[PDB]
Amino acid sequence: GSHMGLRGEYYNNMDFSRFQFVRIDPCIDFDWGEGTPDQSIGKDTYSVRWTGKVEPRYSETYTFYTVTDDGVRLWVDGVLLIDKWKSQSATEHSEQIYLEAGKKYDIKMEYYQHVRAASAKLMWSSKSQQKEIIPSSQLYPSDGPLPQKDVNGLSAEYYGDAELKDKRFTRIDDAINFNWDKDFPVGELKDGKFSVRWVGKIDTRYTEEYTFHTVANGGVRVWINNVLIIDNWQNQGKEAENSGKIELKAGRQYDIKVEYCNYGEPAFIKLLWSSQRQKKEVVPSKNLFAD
């Protein structure tokens, strides 16, 4: 029965971002060694969500067990039974819940790999059920809404004043790398005065202290992880440079907000990053998510 199992959502980050593919796994019995579930998933920092329904054979006290590297969360019947979302070598965790023979219960298992070894196994036991891998005959995949690939770039609001007040249009900018060079991006302005807000998500290649850099002809603010790390909103200098630092982990998304105001100069703004292993560059569209 091709259809039996749970639906597995496979992401290339460890926080259920960078969605790659869905597939129906007949059971949760994976040992990926130091590798990945599929050639389309990169080594390290990945996550999997399995959802559907489990059907016990007996009306009894079930024990659910997870053996994972790294972390896990297990819901059965909307109860969070196991909450061990952490870095761990292969480790069993378990909890009990009372179920009724032949009833179909919601099950959701969230898993992630950080580094080194990766595995995920879901088992059950009861008075009459000898401890096994939960088999495909007792598991029904969810259907309903597939996950959506998010779009690269950031959601930009363009304003017809310098104070982020009069909103003219929204689009997705591939990156924050603009030399507008007197042809303002917004029409019908007074005194060349306009402003922009980019919102979305960013992820990094490396775990370490990043430095974000703005080069700008007007005022800038930058938030990363909802921390204000650049604040030069009054600036007028041509290609004025600001920097600010934040510690980030590879393999997960962080909020990003960038605000720009032009005070009538020919407009310019670039957002760069650097770190001990990241050489200074314009932050690339492939690390920016529009959400």
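Position 1 is the first residue in the sequence shown; the rest follow in order.
A.B. asks: Out of 233 to 241 and 25 to 33, which one has CA B-factors that are higher on average in the deposited record?
C.D. replies: Comparing 233 to 241 with 25 to 33, the higher average CA B-factor belongs to 233 to 241.
A.B. asks: Decide which of the stretches 82 to 90 and 127 to 135 has the higher mean C-alpha B-factor, going by the entry.
C.D. replies: Mean B over CA atoms: larger for 127 to 135.
A.B. asks: Among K201, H114, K190, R73, where is the Cα B factor highest in this entry?
C.D. replies: The listed residue with the largest C-alpha B-factor is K190.
A.B. asks: Tell me which of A118, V151, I97, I107 tops the list for C-alpha B factor in the record.
C.D. replies: Of the candidates given, the C-alpha B-factor peaks at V151.
A.B. asks: Please rank the C-alpha B-factors of the chain's modelled residues and tell me whether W180 sits in the lowest, middle or highest third.
C.D. replies: Top third by C-alpha B-factor.
A.B. asks: Comparing against every modelled residue in the chain, figure out the third that the C-alpha B-factor of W223 lands in (lowest, middle or highest).
C.D. replies: As the PDB entry reports it, the C-alpha B-factor of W223 lands in the lowest third of its chain.
A.B. asks: Among the modelled residues of its chain, does the C-alpha B-factor of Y263 lie in the lowest, middle or highest third?
C.D. replies: Within its chain, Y263 is a highest-third residue by C-alpha B-factor, going by the deposited values.
A.B. asks: Sorting the chain's modelled residues by C-alpha B-factor, tell me whether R252 ends up in the lowest, middle or highest third.
C.D. replies: Within its chain, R252 is a lowest-third residue by C-alpha B-factor, going by the deposited values.
A.B. asks: Ordered by C-alpha B-factor within the chain, which third holds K53? Give me lowest, middle or highest, please.
C.D. replies: Answer is middle: the recorded C-alpha B-factor places it there.
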